[PDB]
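This report concerns only the one structure given below.
There are 2 protein chains.
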Amino acid sequence: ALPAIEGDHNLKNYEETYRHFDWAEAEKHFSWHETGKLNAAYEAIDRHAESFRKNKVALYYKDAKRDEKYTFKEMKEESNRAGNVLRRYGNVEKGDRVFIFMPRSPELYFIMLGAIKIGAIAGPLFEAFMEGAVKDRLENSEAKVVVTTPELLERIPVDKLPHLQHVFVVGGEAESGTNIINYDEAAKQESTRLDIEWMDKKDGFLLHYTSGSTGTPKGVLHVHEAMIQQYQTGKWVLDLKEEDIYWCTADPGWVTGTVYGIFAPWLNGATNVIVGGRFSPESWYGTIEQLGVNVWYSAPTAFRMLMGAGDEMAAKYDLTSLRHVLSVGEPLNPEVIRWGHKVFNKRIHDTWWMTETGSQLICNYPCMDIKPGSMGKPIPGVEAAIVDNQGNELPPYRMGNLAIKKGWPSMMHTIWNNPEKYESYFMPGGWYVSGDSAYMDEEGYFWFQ
Amino acid sequence: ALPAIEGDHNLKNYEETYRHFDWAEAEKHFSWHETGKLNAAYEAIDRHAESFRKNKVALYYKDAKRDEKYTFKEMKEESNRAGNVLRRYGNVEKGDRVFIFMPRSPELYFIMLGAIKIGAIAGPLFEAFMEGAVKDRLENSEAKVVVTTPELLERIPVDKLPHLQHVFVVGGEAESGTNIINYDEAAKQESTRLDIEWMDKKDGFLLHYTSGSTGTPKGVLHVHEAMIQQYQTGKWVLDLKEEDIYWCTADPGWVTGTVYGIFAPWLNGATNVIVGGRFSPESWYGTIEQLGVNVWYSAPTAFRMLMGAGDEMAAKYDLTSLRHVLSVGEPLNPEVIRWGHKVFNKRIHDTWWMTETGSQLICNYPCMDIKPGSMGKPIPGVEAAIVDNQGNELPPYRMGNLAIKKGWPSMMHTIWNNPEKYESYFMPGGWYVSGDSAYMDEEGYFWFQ
Numbered sequence: 005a006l007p008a009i010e011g012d013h014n015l016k017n018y019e020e021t022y023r024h025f026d027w028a029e030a031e032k033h034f035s036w037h038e039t040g041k042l043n044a045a046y047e048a049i050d051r052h053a054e055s056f057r058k059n060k061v062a063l064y065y066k067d068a069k070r071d072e073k074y075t076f077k078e079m080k081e082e083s084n085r086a087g088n089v090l091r092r093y094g095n096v097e098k099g100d101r102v103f104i105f106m107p108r109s110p111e112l113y114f115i116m117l118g119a120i121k122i123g124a125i126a127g128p129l130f131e132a133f134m135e136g137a138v139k140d141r142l143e144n145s146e147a148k149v150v151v152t153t154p155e156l157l158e159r160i161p162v163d164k165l166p167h168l169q170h171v172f173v174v175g176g177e178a179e180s181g182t183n184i185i186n187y188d189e190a191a192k193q194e195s196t197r198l199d200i201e202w203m204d205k206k207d208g209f210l211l212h213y214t215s216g217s218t219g220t221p222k223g224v225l226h227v228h229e230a231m232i233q234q235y236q237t238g239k240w241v242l243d244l245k246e247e248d249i250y251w252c253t254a255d256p257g258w259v260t261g262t263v264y265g266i267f268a269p270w271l272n273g274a275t276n277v278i279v280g281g282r283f284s285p286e287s288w289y290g291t292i293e294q295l296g297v298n299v300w301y302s303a304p305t306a307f308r309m310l311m312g313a314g315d316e317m318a319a320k321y322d323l324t325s326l327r328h329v330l331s332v333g334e335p336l337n338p339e340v341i342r343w344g345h346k347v348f349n350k351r352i353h354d355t356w357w358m359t360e361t362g363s364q365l366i367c368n369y370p371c372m373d374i375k376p377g378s379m380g381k382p383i384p385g386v387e388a389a390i391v392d393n394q395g396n397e398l399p400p401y402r403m404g405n406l407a408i409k410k411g412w413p414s415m416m417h418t419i420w421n422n423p424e425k426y427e428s429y430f431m432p433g434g435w436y437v438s439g440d441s442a443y444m445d446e447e448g449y450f451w452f453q
Numbered sequence: 005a006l007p008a009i010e011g012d013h014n015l016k017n018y019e020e021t022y023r024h025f026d027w028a029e030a031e032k033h034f035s036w037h038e039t040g041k042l043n044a045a046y047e048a049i050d051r052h053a054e055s056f057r058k059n060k061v062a063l064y065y066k067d068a069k070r071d072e073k074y075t076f077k078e079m080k081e082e083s084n085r086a087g088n089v090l091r092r093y094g095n096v097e098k099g100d101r102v103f104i105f106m107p108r109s110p111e112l113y114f115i116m117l118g119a120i121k122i123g124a125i126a127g128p129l130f131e132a133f134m135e136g137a138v139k140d141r142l143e144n145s146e147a148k149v150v151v152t153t154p155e156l157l158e159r160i161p162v163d164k165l166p167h168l169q170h171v172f173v174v175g176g177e178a179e180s181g182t183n184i185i186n187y188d189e190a191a192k193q194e195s196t197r198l199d200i201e202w203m204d205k206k207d208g209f210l211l212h213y214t215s216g217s218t219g220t221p222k223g224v225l226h227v228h229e230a231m232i233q234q235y236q237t238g239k240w241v242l243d244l245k246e247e248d249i250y251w252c253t254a255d256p257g258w259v260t261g262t263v264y265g266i267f268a269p270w271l272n273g274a275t276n277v278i279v280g281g282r283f284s285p286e287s288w289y290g291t292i293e294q295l296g297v298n299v300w301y302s303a304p305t306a307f308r309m310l311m312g313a314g315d316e317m318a319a320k321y322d323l324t325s326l327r328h329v330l331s332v333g334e335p336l337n338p339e340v341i342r343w344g345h346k347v348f349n350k351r352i353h354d355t356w357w358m359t360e361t362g363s364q365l366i367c368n369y370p371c372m373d374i375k376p377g378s379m380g381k382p383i384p385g386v387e388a389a390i391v392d393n394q395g396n397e398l399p400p401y402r403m404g405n406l407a408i409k410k411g412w413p414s415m416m417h418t419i420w421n422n423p424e425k426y427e428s429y430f431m432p433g434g435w436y437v438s439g440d441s442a443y444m445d446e447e448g449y450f451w452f453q
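Residue numbers (the entry's author numbering), protein chains in the order written: chain B, 5 to 453; chain A, 5 to 453.
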């Protein structure tokens with residue numbers, strides 16, 4: 005059991021906050037509580053650009069060809085420009101699905117934020133998807149607009165999708181066809197002021213496609229209200245301060261990079277770092293050393309591959325700027341935890357959630373001891389349990405299905421065009437079952453199986 | 005008489021503060037007041053880089069070839085690197101004179117900050133100086149180190165200066181001679197951590213050379229304590245908020261671009277903008293529109309050339325971001341005031357000071373009415389008057405010599421290696437005379453002649 009380290013954490017004590025927390029208190033930190041105008045994108049970007057965080061660096065893009073950095077004001081301007089481009093050329097209205105199919109780049113974030121600002125539902129696609137996956141995801145969602153690069157423009161079958169009107173191409177000298185629009189040319193002539201579509205807490209703003217047990221991808225829809233939890237988990241689990249440099253290594257194509265690489269940091273007003281190109285221990289360690297990254301959010305595969313690079317490889321670089329390390333996507337091996345404590349002299353914080361959950365649910369905390377191999381405890385305001393097939397709670401140390409009490413803000417609203425699968429996730433008694441096996445200890449800690 | 009505009013200014017009421025202000029209150033905003041370790045460079049840069057302003061953009065640089073942005077952390081790191089370079093290669097110790105002879109560039113600011121951090125006295129030279137002026141200024145100061153560029157390396161007579169040991173060259177493929185060190189290679193191998201030389205309030209940190217009435221340049225020495233006034237005038241006259249973009253167009257070679265282009269903004273933790281290349285209305289208006297500059301500090305000549313450009317030239321660009329405009333270096337023709345109020349719809353704030361005064365003394369304020377053509381009123385904590393040749397105050401509307409009561413923090417400590425000229429600036433009764441004629445009105449406003 006790795007002991008906790010004393011410090012000035014956002015969550016001072018877990019127990020009292022868990023016993024007393026109410027989501028109405030979390031709703032106080034947002035602008036719409038005082039004004040009534042609600043939008044996740046506005047809360048993530050434009051709220052800070054109109055505050056003392058206006059000139060704070062929001063985004064750090066490092067790539068071999070280009071090295072750029074943007075402030076909150078510049079991010080807001082680029083997002084407004086992208087939203088105007090989409091509204092004018094793609095004819096995107098509230099509720100439309102805008103799919104973004106490009107490698108990780110500042111334009112990706114600008115376009116995603118602009119799409120969400122104007123009321124569209126943004127769906128990111130992995131750059132490595134072939135023709136089949138792109139076809140299925142564009143057909144199921146009936147996506148109106150796709151934004152891509154010349155390299156991946158050949159992987160989209162425009163002729164096989166009657167519901168796809170416009171294709172935006174960023175970069176390169178792409179010839180604008182009947183349904184192809186060169187994004188940069190349109191953007192250069194657009195304004196930086198956007199009339200933001202004010203939304204309702206039950207309207208969707210993200211659409212993420214997951215590989216289902218039946219073999220067909222399903223669209224998970226998240227609503228704006230999820231930002232509430234996205235903010236709170238950004239403060240408790242990430243422990244984001246004002247002086248933190250935050251780096252999330254997950255791709256924006258997946259849910260992890262979209263939630264905790266875009267929204268969780270920027271809702272807290274943090275500084276986010278994205279790095280282009282493929283993985284290499286040289287590039288990652290050099291990025292950490294040069295940018296002085298304080299908060300790191302990565303995946304167990306990347307950490308294990310880091311382990312494969314050797315201890316001296318890390319010892320060649322200065323990693324003293326790091327202060328908080330977190331992992332997600334796979335239940336972490338405690339040997340990786342020992343290696344991290346041996347290299348960075350830090351505890352790697354394992355967190356658990358799924359695409360349907362919207363945000364992390366069961367996590368390790370800076371103020372809590374970390375038991376190696378354990379997922380941790382549910383966040384305050386969220387109730388979790390180990391239940392049988394009849395919805396009855398099981399005593400500790402008994403194997404069972406990991407269930408969460410229905411009703412947390414970051415819950416998925418539905419499964420796109422498949423209500424039966426949506427209702428298939430819930431058990432009698434208000435228990436959302438995740439299909440995963442876990443067991444609770446006598447101390448309240450959860451262990452995955 | 006241009007009326008004042010209501011707003012949330014730092015100086016809410018001029019009269020009450022002027023009647024009650026004491027410099028001991030101003031001393032409370034600095035770290036040294038509690039810690040006891042005093043340095044102007046630390047207060048300007050490293051204090052903010054260790055606060056909630058760590059990731060705030062400190063410097064924008066823009067020219068025809070480069071476009072870079074630096075945060076307070078990055079500025080601190082570059083300054084520490086430059087200080088280490090100077091300490092190791094130039095053998096610069098406390099009290100030495102380090103002269104900087106280069107065009108405006110991030111390297112200039114890094115080198116000047118690093119020199120001041122290690123206790124040296126920084127002296128900037130105008131890029132347009134020929135061999136004669138550089139020779140006189142390097143001989144009078146007995147400067148140990150000169151830092152320059154390959155273009156201006158030919159304008160320095162190394163052989164004629166026995167007191168010049170090292171010459172640093174930044175950029176270009178300069179062959180390192182017996183006394184020539186190429187700055188970039190030395191910097192690349194140096195650390196970003198600097199053991200800062202903690203100083204005393206009466207030690208000099210700036211040396212500025214002015215054209216004297218006798219024809220020979222004289223070295224005006226300013227002490228660290230001046231930062232106090234440099235901070236206060238940065239808050240009252242500049243009206244710097246947290247969300248202000250500050251642009252000073254004066255060259256760092258002169259006193260104006262050093263006090264109010266380096267120290268006054270960064271002591272307040274503001275964002276400074278520097279633009280390379282020659283003046284052109286296209287470049288200046290585009291810089292204002294693109295960066296959204298809020299606070300502007302320029303010179304009447306630069307405003308007059310923008311007059312010559314025409315109103316239709318400015319009407320093309322977006323200048324709504326500007327909220328405060330100030331002028332210095334020459335009495336301001338009030339026709340320029342009407343033109344500014346016509347174009348930017350703003351009041352141009354004229355300020356008066358000299359190289360010997362260290363910071364502005366008599367200014368217009370955001371909370372005060374601006375009488376066109378008047379220099380304004382003395383800052384709180386500074387007493388000014390119109391005196392005759394015998395040191396007696398004159399009644400309003402009578403011509404006389406403009407004198408300031410001796411003892412303000414930003415006073416020059418001495419004239420370098422010439423005490424007689426230093427004592428020649430003061431009259432009996434504690435009145436420092438500036439050699440300029442001005443008259444007071446019945447309302448306390450000063451008018452230059």
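Cβ atoms here follow ideal geometry from the backbone N, Cα and C, with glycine treated the same way.
Nearest neighbour of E360(A) by Cα position, chosen from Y426(A), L326(A) and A319(A), turns out to be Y426(A). In chain order, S55, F56, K58 and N59 make up the part of chain A whose C-beta sits under 8 Å from the C-beta of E247(B). With a threshold of 8 Å between beta carbons, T291(B) makes no contact with chain A. Distance from the CA of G385(A) to the CA of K245(A), rounded to the nearest whole angstrom, comes to 22 Å. Listed in chain order, the positions of the stretch 63 to 93 of chain A with a beta carbon within less than 8 Å of a beta carbon of chain B are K73, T75 and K77. The beta carbon of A313(B) lies closer than 7 Å to those of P285 in the same chain, with the five residues before and after it left out.
Taken in chain order, the complete beta strand (DSSP E) segments of 3 or more residues contained in the stretch 310 to 343 of chain B are 328 to 331.
Taking CB atoms only, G257(B) has no neighbour in chain A less than 8 Å away. Counting only runs that start and end inside the stretch 78 to 164 of chain A, the beta strand (DSSP E) elements of at least 3 residues fall at 101 to 105, 125 to 129 and 149 to 152. Counting along the chain, the unbroken beta strand (DSSP E) around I352(B) starts and ends at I352 to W356. In the DSSP assignment, the residues bridged to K60(B) are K60(A). Under the 10 Å beta carbon count, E201(A) is surrounded by 16 or more other beta carbons and is classified as buried. Here the alpha carbons of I419(A) and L210(A) stand approximately 12 Å from one another. Under the 10 Å beta carbon count, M134(A) is surrounded by fewer than 16 other beta carbons and is classified as exposed.
Checking the DSSP bridge columns, you'll see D243(A) has no partner listed.
Listed along chain A are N59, each with a C-beta nearer than 8 Å to that of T275(B).
Look at the stretch 357 to 441 of chain A and you find these whole runs of alpha helix (DSSP H), each 4 residues long or longer: 423 to 427.
Selection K409(A), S441(A), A442(A) and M415(A) evaluated against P432(A) yields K409(A) as nearest (Cα-Cα).
Identification of chain A residues near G385(B) by a Cβ-Cβ cut-off of 9 Å yields none; the smallest Cβ-Cβ distance measures about 28 Å. When the alpha-carbon of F430(A) is set against those of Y443(A), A442(A) and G411(A), the nearest one is in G411(A). Within a 10 Å sphere around the beta-carbon of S145(A) sit 16 or more other beta-carbons, which makes this residue buried. Residue state for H170(B) is assigned as strand, using DSSP reduced to three classes. Counting only the Cα atoms, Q233(A) lies some 8 Å from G362(A). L271(B) is positioned such that its CB atom lies no closer than 8 Å to that of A126(B). Assignment of beta strand (DSSP E) within the stretch 256 to 286 of chain B, counting only whole runs of 3 or more residues, yields 275 to 279 in chain order.
Spanning the alpha carbons of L117(A) and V277(A) requires a straight line of approximately 16 Å. Under the Cβ distance rule, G296(B) counts among the residues neighbouring chain A, one pair being separated by less than 8 Å. Nearest Cα to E293(A) within the set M317(A), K41(A) and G238(A): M317(A). Excluding the 5 residues flanking it on each side, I115(B) has same chain C-beta neighbours closer than 7 Å at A86, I104 and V151, in chain order. If you check the CB distance, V241(B) and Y369(B) come in under 8 Å. The DSSP-derived three-state label of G208(B) is strand.
Counting only the Cα atoms, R70(B) lies some 10 Å from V279(B). Residue environment: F172(B) is assigned as buried (16 or more neighbouring CB atoms within 10 Å of its CB, all protein chains considered). DSSP places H226(B) in no alpha helix (DSSP H) but in the uninterrupted beta strand (DSSP E) bounded by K222 to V227. In the DSSP secondary-structure assignment, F25(B) is not bridged to any residue. In this structure, the alpha-carbon of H167(A) lies about 6 Å from that of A147(A).
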